[PDB]
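Trainee: Sending over a structure as structure tokens; questions will come in a sec.
What follows is calculated from the coordinates using simple rules that are stated; it is not laboratory data. Cβ atoms come from the backbone with ideal geometry, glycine included; neighbour counts cover every protein chain shown.
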Amino acid sequence: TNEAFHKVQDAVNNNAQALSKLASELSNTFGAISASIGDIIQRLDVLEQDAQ
Amino acid sequence: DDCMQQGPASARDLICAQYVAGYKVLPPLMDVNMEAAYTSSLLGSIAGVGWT
Amino acid sequence: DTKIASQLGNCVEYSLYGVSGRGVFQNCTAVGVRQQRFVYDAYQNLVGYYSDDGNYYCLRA
Amino acid sequence: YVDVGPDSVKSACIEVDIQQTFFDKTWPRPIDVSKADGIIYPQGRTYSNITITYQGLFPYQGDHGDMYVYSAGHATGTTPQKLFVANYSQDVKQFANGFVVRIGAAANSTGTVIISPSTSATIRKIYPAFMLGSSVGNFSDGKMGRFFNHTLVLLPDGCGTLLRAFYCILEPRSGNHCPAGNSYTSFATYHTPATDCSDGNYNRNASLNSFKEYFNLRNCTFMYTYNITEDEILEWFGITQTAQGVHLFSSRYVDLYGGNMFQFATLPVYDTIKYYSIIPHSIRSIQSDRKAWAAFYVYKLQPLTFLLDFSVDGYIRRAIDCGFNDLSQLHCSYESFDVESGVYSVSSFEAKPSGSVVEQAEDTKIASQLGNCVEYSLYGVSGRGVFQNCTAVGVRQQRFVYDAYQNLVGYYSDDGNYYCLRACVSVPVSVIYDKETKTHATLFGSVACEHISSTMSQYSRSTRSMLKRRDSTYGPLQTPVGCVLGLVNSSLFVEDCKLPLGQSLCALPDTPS
Amino acid sequence: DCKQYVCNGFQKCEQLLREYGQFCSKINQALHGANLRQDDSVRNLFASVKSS
Ligand SMILES: *[C@@H]1O[C@H](CO)[C@@H](O[C@@H]2O[C@H](CO)[C@@H](O[C@@H]3O[C@H](CO[C@H]4O[C@H](CO)[C@@H](O)[C@H](O)[C@@H]4O)[C@@H](O)[C@H](O[C@H]4O[C@H](CO)[C@@H](O)[C@H](O)[C@@H]4O)[C@@H]3O)[C@H](O)[C@H]2NC(C)=O)[C@H](O)[C@H]1NC(C)=O
Ligand SMILES: *[C@@H]1O[C@H](CO)[C@@H](O[C@@H]2O[C@H](CO)[C@@H](O[C@@H]3O[C@H](CO)[C@@H](O)[C@H](O)[C@@H]3O)[C@H](O)[C@H]2NC(C)=O)[C@H](O)[C@H]1NC(C)=O
Ligand SMILES: *[C@@H]1O[C@H](CO)[C@@H](O[C@@H]2O[C@H](CO)[C@@H](O)[C@H](O)[C@H]2NC(C)=O)[C@H](O)[C@H]1NC(C)=O
Ligand SMILES: *[C@@H]1O[C@H](CO)[C@@H](O[C@@H]2O[C@H](CO)[C@@H](O)[C@H](O)[C@H]2NC(C)=O)[C@H](O)[C@H]1NC(C)=O
Ligand SMILES: *[C@@H]1O[C@H](CO)[C@@H](O)[C@H](O)[C@H]1NC(C)=O
Ligand SMILES: *[C@@H]1O[C@H](CO)[C@@H](O)[C@H](O)[C@H]1NC(C)=O
Ligand SMILES: *[C@@H]1O[C@H](CO)[C@@H](O)[C@H](O)[C@H]1NC(C)=O
Ligand SMILES: *[C@@H]1O[C@H](CO)[C@@H](O)[C@H](O)[C@H]1NC(C)=O
Ligand SMILES: *[C@@H]1O[C@H](CO)[C@@H](O)[C@H](O)[C@H]1NC(C)=O
Ligand SMILES: *[C@@H]1O[C@H](CO)[C@@H](O)[C@H](O)[C@H]1NC(C)=O
């Protein structure tokens, strides 16, 4: 309930989200069939894998 | 060691995830003991700011 | 052809019921849901698996 | 084909007395997703210790369910007589993506034995029977609910101790009271507990054999039996169809004392199920052995987005039906409710469209309709909106005037009039939410209270019931910030409500008891 | 109100928009934060203006 305290907590939260976002993007597809190279290779023929 | 199989199975640190992400968290510049030395120097500077 | 049921461990390639990847398995306690075999994390990565030997392994990649 | 045993040799069927008024009871047993009722565990993987948002096949919050009542047949008090059923066989519903059922909802309660309304008995769980298929039509005597070719029948038997799932051509028998004979009403299945529910020896074929009195089983492609542990435990069960077959789901084998439904079996039915109905059922008990049965409830599944709360044991113990109300849409987007304030903008009220206006030289009156929000087509120009009689702006004789954003401003009609187009108007909404008292009030902003009522037909969300609890007794109160329901005029001055409305206004939370 | 902003009441749009729902969640929450900062700034400034 202390505004200065809350700001301290946000400095921490702001750094936490900067990494959480880089980390969660590793599982995000980008119009791709999969965010996983291993799964792209395993279930797709080579001519399609490069596009994914 | 705590992100390795030779450690507690319960570790879920976002730091452990860095070994896969290719991300690294860097250490702080001062350490707690030097920061404490700098503010203990301020405490010893109290009494006082008068006498010009 | 043997023994490839499990190998604990360091960094082993794997294929489990169509699920693929590479990593180290650790003998650990179960987290749920039971009987659904493959447990995933907040980032949709595999956390661990219930094997046909009755054991649950944690995956640390 | 599959040998499913011999045909019945009975020359006639049991007469079925269909008396729907006796089954016309009210006892809704709705799905409450906050406890994850009706939630089918997501397939292909598991999670634990997490709240996620997921789009998939789920029942919706507040669905009361279609109530299916099974009952004792007629009896002399010494022997059973005719069957006594609800008109369920003709109640053909769309299968679509599947449905779920709540089984034994009234189990262990005491209530009517149905056939004799003044008589009550302890209520028992009974498993539902279904008839499903890709095509339906009429019977040769004009009755409805005929399924064609191979029909999927889900027929519990053995007094609820086995499920018979089968797919056969049902060949109607011609004897008295049979589907192709004299005085047919509806086929119904039955069992006779006096001989069929003997302890240690249930007649595992009692309902199959009664079914067989009405239809012969032909060219069966399958018949599978599943065993059922007999208990009175509230149970989730359900069905879906995919490209891989028909999926039978239950909480019975994985979460018996919980309710998350899991798949337990798949049937090889590749003919898309389009239609289904409940098989009526009657128990040939005697008056001294007349029991009460729990109704089962059928709720539909549809592709819905839910927040699903997975405990450490991986079971869903809570869910949020994101579109149920305005606050719930916010909870899904914001994860929870005490997150910050709960004071956020919410989804707006759409408009509610009216019949169209059409004009084009190249059924009445559609020349114009002034007005509110009407669909239109004018010389190839389409849209929806309200027309206003107004002065002309140019250029004359070019018919359609557009604005700075290339939107239609107005049109010169063939009646000589020029109308201004305002498209449709809508009602913006915001919610004032208190995470401490778990209460709220709402604003319509600029709409003003002359257009506000406690009920709405616009609409912005499926239900407004959380506000109605208090707002149903108040008119809207008009303020400089906007029109608000649930405001209460107190004439107070406070420094900070933690719900300021801006300007010089504040929404003050009440005090906890 | 992203659902309305992106498309003016069309179901086909909403069906495709749904695939992107997480985007608009970020938009509204980011603006929520900015509007709160605006209010805190205004009240904190006037608080210094007022005399006892
Ligand atoms: C309750 O209702 C169920 C319905 O499932 C009955 O289960 C059926 O029981 C009948 C016998 O009563 C079974 O039919 C017989 O099966 C014998 C062997 O079965 C295996 O091999 C056959 C080969 O065709 C497969 O079809 C079957 O699935 C099994 O793999 C056969 O040797 C028998 O043949 C003899 O009788 C037939 C006529 O029925 C003659 O044509 C033959 O020449 C020969 O004389 C016969 O086919 C049937 O398979 C079971 N069905 C299912 C789906 O399991 C229960 O028995 C019944 N219970 C009670 C108490 O009534
Ligand atoms: C009708 O009455 C019956 C009989 O009491 C109710 O069945 C009982 O329901 C409770 C609650 O789930 C069961 O308790 C469970 O016990 C297991 C044991 O390990 C525990 O792990 C669970 O967490 C839970 O405590 C109880 O066992 C069960 N009785 C039987 C015989 O299994 C039934 O639920 C009532 N039905 C309705 C519709 O009210
Ligand atoms: C499914 O069943 C229907 C009816 O039981 C079959 O349609 C009949 O086909 C005969 C062919 O001469 C017609 O004379 C009947 O009038 C048709 N009846 C109806 C209701 O259409 C249909 O062909 C069967 N389909 C399969 C795949 O067996
Ligand atoms: C089970 O399959 C048999 C064929 O294997 C069906 O017999 C045919 O039925 C059609 C119906 O119009 C007749 O036109 C054919 O002449 C019949 N063939 C023979 C060899 O008789 C049989 O009807 C199927 N069972 C059911 C109940 O439909
Ligand atoms: C290791 O495997 C044994 C097998 O019985 C199991 O009981 C034990 O709990 C496992 N270790 C952990 C940390 O769970
Ligand atoms: C069944 O018969 C009734 C008689 O009026 C008719 O109205 C109905 O459309 C028929 N249904 C089918 C599927 O033919
Ligand atoms: C059900 O249990 C009985 C017990 O004897 C067994 O014979 C029968 O095969 C079982 N059926 C199923 C479907 O498990
Ligand atoms: C859930 O998260 C908490 C966080 O402290 C952790 O301690 C607990 O072991 C976790 N449980 C599971 C099943 O992961
Ligand atoms: C309303 O319609 C009449 C038709 O004669 C027109 O004269 C009048 O100007 C219209 N209203 C406005 C605001 O132009
Ligand atoms: C509240 O009551 C006072 C009484 O003078 C009135 O002036 C004020 O406009 C009322 N406000 C609302 C929103 O009804």
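Trainee: Please work out if B:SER40 is facing another protein chain (nearest Cβ under 9 Å) and polar (S, T, N, Q).
Mentor: Details: facing another protein chain (nearest Cβ under 9 Å): no; polar (S, T, N, Q): yes.
Here the answer is no, as B:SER40 does not meet what is asked.
Trainee: Just to be sure, is B:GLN6 more than 19 Å from C:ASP41 (Cα to Cα) and within 14 Å of chain C (Cβ to nearest Cβ)? Walk me through how you get there before you give the answer.
Mentor: Details: more than 19 Å from C:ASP41 (Cα to Cα): yes; within 14 Å of chain C (Cβ to nearest Cβ): yes.
When the stated conditions are applied, B:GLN6 passes them.
Trainee: Sticking with this one: Against the condition over 20 Å from D:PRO353 (Cα atoms) and touching a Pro at 6+ places or on another chain (Cβ under 9 Å), how does D:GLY482 come out, does it pass?
Mentor: For D:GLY482, the condition - over 20 Å from D:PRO353 (Cα atoms) and touching a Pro at 6+ places or on another chain (Cβ under 9 Å) - is met.
Trainee: Let me ask something else. Which condition number in (1) more than 14 Å from chain C (Cβ to nearest Cβ); (2) closer than 16 Å to D:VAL101 by Cα is the one that D:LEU256 fails?
Mentor: (1)
Trainee: All but one of (1) over 25 Å from E:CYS2 (Cβ atoms); (2) within 16 Å of ligand 9 (Cβ to nearest atom) hold for D:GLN503, so report the exception by its number.
Mentor: (2)
Trainee: Would you confirm, using the coordinates I've provided, whether D:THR119 is surrounded by fewer than 21 Cβ atoms within 10 Å (Cβ to Cβ), within 14 Å of another protein chain (Cβ to nearest Cβ) and more than 16 Å from ligand 4 (Cβ to nearest atom)?
Mentor: Numbers: surrounded by fewer than 21 Cβ atoms within 10 Å (Cβ to Cβ): yes; within 14 Å of another protein chain (Cβ to nearest Cβ): no; more than 16 Å from ligand 4 (Cβ to nearest atom): yes.
Taking the combined requirement at face value, the residue does not satisfy it.
Trainee: Right, something else. Given the residues D:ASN108, D:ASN182, D:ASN87, D:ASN97, which is the only one that is within 20 Å of D:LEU248 (Cα to Cα), polar (S, T, N, Q) and more than 16 Å from ligand 3 (Cβ to nearest atom)?
Mentor: Values: D:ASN108 fails: within 20 Å of D:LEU248 (Cα to Cα); D:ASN182 fails: within 20 Å of D:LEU248 (Cα to Cα); D:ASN87 fails: within 20 Å of D:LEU248 (Cα to Cα).
Answer to the selection: D:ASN97.
Trainee: Follow-up question, since we're still on this one. Just to verify a result, which residue in the stretch D:199-216, among those that are touching a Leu at 6+ places or on another chain (Cβ under 7 Å) and not in a helix (DSSP H, G or I), is farthest from ligand 2 (Cβ to nearest atom)?
Mentor: As a first pass, look at the stretch D:199-216 and keep what is touching a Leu at 6+ places or on another chain (Cβ under 7 Å): D:204, D:207-208, D:211, D:215.
After this cut, where a residue has to be not in a helix (DSSP H, G or I) as well, the list is D:204, D:215.
Values: D:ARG204: 22, D:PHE215: 33 Å.
Among them, the one singled out is D:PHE215.
Per-residue answers, yes or no, for (1) in a loop (DSSP other than H, G, I, E, B); (2) surrounded by 11 or more Cβ atoms within 10 Å (Cβ to Cβ); (3) within 10 Å of chain D (Cβ to nearest Cβ):
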{"position": "E:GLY9", "(1), (2), (3)": "yes, yes, yes"}
{"position": "E:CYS13", "(1), (2), (3)": "no, yes, no"}
{"position": "E:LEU16", "(1), (2), (3)": "no, yes, no"}
{"position": "E:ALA34", "(1), (2), (3)": "no, no, no"}
{"position": "E:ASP39", "(1), (2), (3)": "no, yes, yes"}
{"position": "E:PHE46", "(1), (2), (3)": "no, no, no"}
{"position": "E:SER52", "(1), (2), (3)": "yes, no, no"}
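Trainee: Pick out the one residue from D:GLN398, D:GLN458 that is away from ligand 4 (no atom under 16 Å from the Cβ) and within 29 Å of the chain's Cα centre (by Cα). Step through it out loud before you land on a result.
Mentor: Working: D:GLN398 fails: within 29 Å of the chain's Cα centre (by Cα).
Going through D:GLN398, D:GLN458 in turn, the sole match is D:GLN458.
Trainee: State the number of residues belonging to the stretch C:33-61 that are charged (D, E, K, R) and facing chain D (nearest Cβ under 10 Å). Step through it out loud before you land on a result.
Mentor: Taking the stretch C:33-61 as the starting set, the residues that turn out to be charged (D, E, K, R) are C:34, C:37, C:41, C:52-53, C:60.
After this cut, where a residue has to be facing chain D (nearest Cβ under 10 Å) as well, the list is C:34, C:37, C:41.
Here the count works out to 3.
Trainee: Also, I was wondering about something else. Could you identify the single residue in D:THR51, D:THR46 that is of a type outside the set (D, E, K, R) and surrounded by fewer than 19 Cβ atoms within 10 Å (Cβ to Cβ)?
Mentor: Values: D:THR46 fails: surrounded by fewer than 19 Cβ atoms within 10 Å (Cβ to Cβ).
The match here is D:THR51.
Trainee: Ok, one more. Limited to the stretch D:185-202, what total is found for residues that are surrounded by 23 or more Cβ atoms within 10 Å (Cβ to Cβ) and closer than 17 Å to D:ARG146 by Cβ?
Mentor: Number of matching residues: 4.
Trainee: It is to be established whether one or more residues within the stretch C:7-16 are among the polar types (S, T, N, Q) and at the interface with another protein chain (Cβ under 7 Å from one of its Cβ atoms).
Mentor: Applying the first criterion (among the polar types (S, T, N, Q)) to the stretch C:7-16 yields C:7, C:10, C:15.
Checking which are at the interface with another protein chain (Cβ under 7 Å from one of its Cβ atoms) leaves us with none.
No, because not a single residue in the stretch C:7-16 is among the polar types (S, T, N, Q) and at the interface with another protein chain (Cβ under 7 Å from one of its Cβ atoms).
Trainee: State yes or no: is D:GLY394 at negative phi, exposed (fewer than 11 other Cβ atoms within 10 Å of the Cβ) and within 16 Å of ligand 9 (Cβ to nearest atom)?
Mentor: On the way: at negative phi: yes; exposed (fewer than 11 other Cβ atoms within 10 Å of the Cβ): yes; within 16 Å of ligand 9 (Cβ to nearest atom): yes.
Taking the combined requirement at face value, the residue satisfies it.
Trainee: Follow-up. Please give the number of the condition D:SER285 fails out of (1) touching a helix residue (DSSP H, G or I) at 6+ places or on another chain (Cβ under 8 Å); (2) more than 30 Å from D:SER118 (Cα to Cα); (3) part of a loop (DSSP other than H, G, I, E, B).
Mentor: Status for D:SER285: all satisfied but (2).
Trainee: Please indicate, with yes or no, whether at least one residue in the stretch D:128-143 is away from ligand 3 (no atom under 14 Å from the Cβ), of a type in the set (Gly, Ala, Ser) and not in a loop (DSSP other than H, G, I, E, B).
Mentor: no
Trainee: For residues in the stretch A:7-43 being more than 10 Å from chain C (Cβ to nearest Cβ) and among the small types (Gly, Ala, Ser), which is surrounded by the most Cβ atoms within 10 Å (Cβ to Cβ)?
Mentor: My answer is A:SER34.
Trainee: Hey, another quick one. In the stretch D:80-94, which residue that is surrounded by fewer than 23 Cβ atoms within 10 Å (Cβ to Cβ), outside any strand (DSSP E or B) and under 24 Å from the mean Cα position of the chain (by Cα) is farthest from ligand 10 (Cβ to nearest atom)?
Mentor: Per the criteria, the residue is D:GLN90.
Trainee: Additional query: State all residues of the stretch D:144-153 that are in a loop (DSSP other than H, G, I, E, B) and more than 10 Å from ligand 3 (Cβ to nearest atom); if no residue qualifies, say none. Don't jump to the end; show me each part of the working.
Mentor: Of the residues in the stretch D:144-153, the ones in a loop (DSSP other than H, G, I, E, B) are D:144-145, D:148-149.
Those that are in a loop (DSSP other than H, G, I, E, B) and more than 10 Å from ligand 3 (Cβ to nearest atom): D:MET144, D:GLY145.
Table: residues versus (1) under 22 Å from B:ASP2 (Cα atoms); (2) within 13 Å of ligand 5 (Cβ to nearest atom); (3) in a loop (DSSP other than H, G, I, E, B).
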| position | (1), (2), (3) |
| --- | --- |
| C:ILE4 | no, no, yes |
| C:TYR14 | no, no, no |
| C:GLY21 | yes, no, no |
| C:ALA30 | yes, yes, yes |
| C:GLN35 | no, no, yes |
| C:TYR43 | yes, no, yes |
| C:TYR49 | yes, no, no |
| C:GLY54 | no, yes, yes |
| C:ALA61 | yes, no, yes |
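Trainee: How many of the residues making up the stretch D:303-339 are assigned to a strand (DSSP E or B) and within 14 Å of chain C (Cβ to nearest Cβ)?
Mentor: Of the residues in the stretch D:303-339, 5 are assigned to a strand (DSSP E or B) and within 14 Å of chain C (Cβ to nearest Cβ).
Trainee: Among the listed residues D:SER426, D:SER462, identify the single one that is buried (at least 18 other Cβ atoms within 10 Å of the Cβ) and of a type outside the set (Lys, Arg).
Mentor: Numbers: D:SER462 fails: buried (at least 18 other Cβ atoms within 10 Å of the Cβ).
So the residue among D:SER426, D:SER462 that is buried (at least 18 other Cβ atoms within 10 Å of the Cβ) and of a type outside the set (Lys, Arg) is D:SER426.
Trainee: Okay, next question. Taking strands (runs of 3 or more DSSP E) that fall entirely within the stretch D:340-452, which contain at least 2 residues that are away from every other protein chain (no Cβ under 13 Å) and away from ligand 5 (no atom under 16 Å from the Cβ)? Don't jump to the end; show me each part of the working.
Mentor: On the way: elements: D:344-349, D:354-359, D:374-378, D:381-385, D:387-389, D:400-402, D:408-412, D:418-421, D:427-434, D:439-443.
Here the list reads D:354-359, D:374-378, D:387-389, D:400-402, D:408-412, D:418-421, D:427-434, D:439-443.
Trainee: Please verify whether the stretch D:189-197 includes one or more residues that are of a type in the set (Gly, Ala, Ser), touching a strand residue (DSSP E or B) at 6+ places or on another chain (Cβ under 8 Å) and assigned to a loop (DSSP other than H, G, I, E, B).
Mentor: Within the stretch D:189-197, not a single residue is of a type in the set (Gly, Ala, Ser), touching a strand residue (DSSP E or B) at 6+ places or on another chain (Cβ under 8 Å) and assigned to a loop (DSSP other than H, G, I, E, B).
Trainee: Just wondering, is there one or more residues in the stretch D:191-208 that are within 22 Å of D:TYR276 (Cβ to Cβ) and either more than 32 Å from the chain's Cα centre (by Cα) or among the aromatic types (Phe, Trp, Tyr) (or both)?
Mentor: Scanning the stretch D:191-208, I find no residue that is within 22 Å of D:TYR276 (Cβ to Cβ) and either more than 32 Å from the chain's Cα centre (by Cα) or among the aromatic types (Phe, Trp, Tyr) (or both), so the answer is no.
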